[PDB]
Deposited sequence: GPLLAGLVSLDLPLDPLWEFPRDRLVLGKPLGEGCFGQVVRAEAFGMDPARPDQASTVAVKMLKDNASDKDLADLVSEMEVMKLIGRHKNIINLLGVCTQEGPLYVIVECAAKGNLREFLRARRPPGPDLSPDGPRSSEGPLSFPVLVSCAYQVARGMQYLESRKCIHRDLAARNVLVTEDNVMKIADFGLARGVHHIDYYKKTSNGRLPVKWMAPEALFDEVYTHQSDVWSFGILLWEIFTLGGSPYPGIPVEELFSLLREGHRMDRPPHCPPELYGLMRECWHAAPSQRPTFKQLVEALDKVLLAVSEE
């Protein structure tokens, strides 16, 4: 691998700590970094480091190099997980990125479901829920302006910082578009087919509008506080329902403005779904009202 001085970080300034999970064609580990900000060479910060499995082969490496190079290109934004540095020289390949303190948005929301003075005031309020959606839309708009189609956008792929800033994750991955087992649960027991636009699912076609569809599913997850899309519906039935043009019901405690937005995102024709710019504006006006 070539030396890229703009991104290279001394591996000995890293102290690897607890694993965060895998399935990425490698594995992600919490770490402390010293001098990530060169103005303060001895200061510690908490980061996340992606690396290969210890029994990985050349295909996994190519993919990790690829995701690295993608993250170099897309540049920096508040509402995405940002690249911090890389270790490519004299040792294993490390990709260093921001670490979000509160985990993924799905678990964030599910852990904060209200009770079934402030006795019925749960942690999550409507304006913060709308802010969560607005931030995801902002990040996706940025990703779109950098020619990046996410292809998996879901609450589990949104990370939450200590200050409750949404950061879109896993946007630089090779998805294996042409060999998806629609029936197979992932590491969570999650079925990613439930986030696929009709054009991607039936015609293997991905555009930025395909991601808008996924955003509408993600909207539904937010306002069900981390619910599972198409609740109780086996994948076999999902195929039929989608061919029949069926859509999810309006969730309880969800204003018609936001179910409206969901339904627009799930328009069968990609050209009749909102753009992320439009989503950003529509959510911003809601955020302004409340």
Query - Stretches of the record's deposited sequence for which the structure holds no C-alpha atoms - result: 1 to 11, 128 to 134, 309 to 311
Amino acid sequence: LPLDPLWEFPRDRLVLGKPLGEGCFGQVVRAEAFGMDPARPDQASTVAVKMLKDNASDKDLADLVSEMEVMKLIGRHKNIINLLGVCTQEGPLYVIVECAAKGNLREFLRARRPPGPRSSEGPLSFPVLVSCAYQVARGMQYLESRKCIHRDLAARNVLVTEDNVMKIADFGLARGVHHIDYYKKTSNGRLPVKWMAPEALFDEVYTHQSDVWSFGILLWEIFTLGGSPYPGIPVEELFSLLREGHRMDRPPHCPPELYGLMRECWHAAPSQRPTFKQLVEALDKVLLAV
From here on, numbers count along this sequence of modelled residues.
**Report entry** Selected stretch [higher average CA B-factor]: 274 to 282 or 19 to 27
**Finding:** 19 to 27
Report summary line: Stretch with higher mean Cα temperature factor, 62 to 70 vs 218 to 226, is 62 to 70
Report task. Going by the CA temperature factor in the entry, name the top one among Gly172, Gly75, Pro198, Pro127. Result -> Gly172
Query - Top residue by Cα temperature factor, when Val205, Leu84, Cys132, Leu93 are compared in the entry - result: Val205
Query - Entry-reported Cα temperature factor of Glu264, expressed as the chain third it lands in - result: lowest
Report summary line: Of the three thirds of the chain ranked by Cα temperature factor, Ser120 occupies the highest
Query - Third assignment of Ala56 from its chain's C-alpha B-factors - result: highest
Query raised in the report: What third of the chain, by the recorded C-alpha B-factor, contains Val49?
Result: lowest
Requested in this report: Would you mind checking where the Cα B-factor of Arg156 ranks among the modelled residues of its chain, as the lowest, middle or highest third?
Outcome: lowest
